[PDB]
Amino acid sequence: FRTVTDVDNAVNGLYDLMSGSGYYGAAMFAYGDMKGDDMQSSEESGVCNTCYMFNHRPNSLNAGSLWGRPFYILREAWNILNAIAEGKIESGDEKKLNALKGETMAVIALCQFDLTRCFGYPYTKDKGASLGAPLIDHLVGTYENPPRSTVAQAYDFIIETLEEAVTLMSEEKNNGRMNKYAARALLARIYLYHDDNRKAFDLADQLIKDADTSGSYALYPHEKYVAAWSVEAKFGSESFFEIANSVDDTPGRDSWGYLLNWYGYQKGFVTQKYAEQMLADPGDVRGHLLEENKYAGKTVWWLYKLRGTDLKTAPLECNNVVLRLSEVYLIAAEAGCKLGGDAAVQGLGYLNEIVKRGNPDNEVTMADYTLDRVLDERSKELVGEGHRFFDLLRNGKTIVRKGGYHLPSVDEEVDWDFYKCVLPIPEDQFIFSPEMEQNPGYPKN
Ligand code: NA
């Protein structure tokens with residue numbers, strides 16, 4: 001760590017780590033989609049299957065690297081911050097160093113947030129009273145083993161970190177990494193998850209306004225929506241942050257794009273419920289991402305959202321979207337609905353923008369502007385993007401996963417009282433911290 005260039009390279013390495021199939025290369029999406037009601041596993045083995053079946057245990061999480069990889073990134077990220085804070089970097093390029101510091105803090109906030117929503121019960125269950133993951137809110141000592149902190153403690157840190165990050169970061173685009181827009185989009189999400197509905201609405205609203213005034217981001221039009229999901233259209237106008245993948249880099253056959261593809265590893269489908277939701281409205285362009293085929297003597301539909309240049313060749317090089325503009329519209333819509341008043345009027349406007357982009361013949365009237373209606377819009381819009389499980393559970397909903405072509409023994413009702421709505425703490429944590437608590441319900445050998 002001698003120069004600002006060294007710092008830029010270190011920060012770049014954080015995203016290299018994040019792109020692994022164990023985290024944002026695949027596992028995060030398997031986790032968010034396969035645990036909802038809109039996607040399911042096929043008979044194939046792997047992370048889609050174990051997530052769908054909530055087949056997780058302390059000696060085998062069966063959830064990619066959703067513990068190890070974010071923790072590893074947090075350690076490397078804090079090494080960067082510490083170098084900067086200790087005065088290790090040469091002078092002269094200070095504005096950029098500050099941008100890199102902010103960006104590093106944004107990475108830390110994302111990693112800790114993911115750990116919190118994977119290993120702690122939803123904040124909204126209990127005002128964050130349950131235990132989250134260990135909280136990497138500092139440079140960890142050589143022989144220090146941080147304890148578990150509460151979900152509330154993690155949110156306090158995550159929000160403060162990201163609020164500060166935003167003030168330091170550049171608005172310039174850097175494809176494959178977060179910029180100030182990405183960081184604000186993530187913060188609006190986190191405010192929403194934290195029940196800070198006014199903060200979520202006000203931020204989401206201003207971010208949309210700023211995208212419009214600058215022209216720097218824009219919603220895909222109805223007629224261009226399917227093409228916007230192509231490998232030929234990377235870093236599109238909605239994308240604040242996506243993981244950069246290529247044909248020559250890992251992940252290839254274990255990238256989310258290859259796992260979901262019928263012609264790739266065929267790990268999952270949309271559910272009959274999602275397919276029926278969409279095909280009842282053929283004018284909605286989001287249904288054009290579904291592809292019909294035949295599995296175990298039934299019609300099924302798979303999700304062709306990570307689109308290569310050839311229908312019948314599964315792609316190795318698809319980028320995974322992490323933060324895009326449509327989510328921000330839905331955050332404003334959800335928070336506005338929860339707030340009522342003027343925020344509701346405005347949030348309905350944003351909801352309709354997404355509804356009508358999907359199908360211009362549709363609308364949502366004020367009489368129909370309910371939380372369930374906004375969550376149904378999220379279902380439609382964000383399938384395959386890792387949201388559904390979290391969006392239902394944080395709103396205290398029961399996820400119903402029954403009938404259709406669901407697999408035998410699927411958990412048919414999942415809510416925030418289900419002990420496997422969080423992953424277990426890995427058994428090897430108890431080597432150095434034997435008195436650390438395991439999540440309730442799980443065994444402790
Ligand atoms: Na690849």
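FYI, side chains are in, hydrogens and waters are out, and symmetry mates aren't considered; it's all heavy atoms of this structure. By convention here, the first residue in the shown sequence is residue 1. Whatever order the structure lists them in is the order used to number ligands and atoms, beginning at 1.
Checked against the 6.0 Å centroid criterion, the rings of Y15 and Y24 do not qualify as a close aromatic pair. When ring centroids are compared, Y274 and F269 stay outside the 6.0 Å threshold. The aromatic ring centres of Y304 and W302 sit less than 6.0 Å apart.
Contact of the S379 side chain with the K273 side chain is registered, since non-hydrogen atoms from C-beta on lie closer than 4.5 Å.
At least one donor-acceptor pair closer than 3.5 Å links the side chain of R69 to the backbone N or O of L17.
Under 3.0 Å from the Na ion (ligand 1), one finds the following protein N/O/S atoms: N245 OD1, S246 O, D249 O, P251 O, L316 O.
Within a 6.0 Å radius of CD in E172, other residues, nucleotides and ligands contribute 12 heavy atoms or fewer.
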